[PDB]
Amino acid sequence: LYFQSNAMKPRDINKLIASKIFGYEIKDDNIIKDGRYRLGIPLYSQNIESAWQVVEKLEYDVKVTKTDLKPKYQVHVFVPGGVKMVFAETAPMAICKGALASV
Amino acid sequence: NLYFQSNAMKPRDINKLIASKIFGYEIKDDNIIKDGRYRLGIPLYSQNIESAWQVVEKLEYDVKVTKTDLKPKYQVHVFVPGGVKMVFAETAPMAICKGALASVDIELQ
């Protein structure tokens, strides 16, 4: 079961990114490789370093814009035929939201 | 002939320029001198995305960072009132620094 959320907690977004963008298997909120080795999940939606892994991982062109408006950041992901667009107060969250929108 | 081409610029040189021209830090012997007596190293602005993002949020203009699959890979827009400053680079950190310096009248080829 699933539900469309208007705004999800970073911890939850990091899991969606882990599996949907990086294809990792998640189990009880950990990444599990080869079905037996556990790893913690990167804070994609909080660190720009982690979030940048997202930017590079995506196959599409990506635009990150910083302004002084509200919300501060805007991200564009150019999916074939159409472009996804999102807003967020931080670059890492706008990046993750854009990535998830393109999938 | 009024202008001349400078000596080669290494990433570490770009970082020094960022520290002083963008952050206004005190630079003495490749160090950021805090309180005129305490020194720190200069962050890898042109190499680390965390350091480079500090530059993004420092610049007072809107900034845009684009990653494309064509070349050069990265493009940065710094929206200076006079007219946007756009640069290219193979990495986001370097493109960010190149664009920040262009916003302070320091082009880089």
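Reminder, nothing fancy here: chain letters follow the sequence lines and each chain counts from 1.
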> How long is the gap from OG1 on A:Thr90 to CH2 on B:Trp53, to the nearest 0.5 Å?
Replying inline: 10.0 Å

> Which residue pairs pass the side-chain hydrogen bond (donor to acceptor under 3.5 Å, both in side chains) test when at least one of the two sits in residues 40-51 of chain A, sequence neighbours left out?
Replying inline: A:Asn14-A:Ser45, A:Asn14-A:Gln46, A:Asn47-A:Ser50

> Just by distance, do the side chain of A:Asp68 and the backbone of B:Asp62 share a donor-acceptor pair under 3.5 Å?
Replying inline: no

> If we only count heavy atoms from C-beta on, is the A:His76 to B:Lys64 side-chain gap below 4.5 Å?
Replying inline: no

>> Which atoms of A:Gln74 are under 4.5 Å from chain B, going by heavy atoms: the side chain, the backbone, both sets, or neither?
In response: neither

Using atom types as modelled, flag every donor-acceptor pair under 3.5 Å from a side chain in residues 27-44 of chain B to any protein atom, sequence neighbours excluded.
from, atom 1, to, atom 2, distance (Å)
B:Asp30, OD1, B:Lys16, NZ, 3.1
B:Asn31, ND2, B:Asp29, O, 2.8

> What part of A:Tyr60 lies closer than 4.5 angstrom to a heavy atom of chain B: side chain, backbone, both or neither?
Replying inline: backbone

> Can you tell me if NZ on A:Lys9 sees more than 12 non-hydrogen neighbours from other groups inside 6.0 Å?
Replying inline: yes

>> Within a 6.0 Å radius of atom CD on A:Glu59, are there more than 12 heavy atoms belonging to other residues, nucleotides or ligands?
In response: no

> Is the NZ atom of B:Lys21 crowded by more than 12 outside heavy atoms at less than 6.0 Å?
Replying inline: no

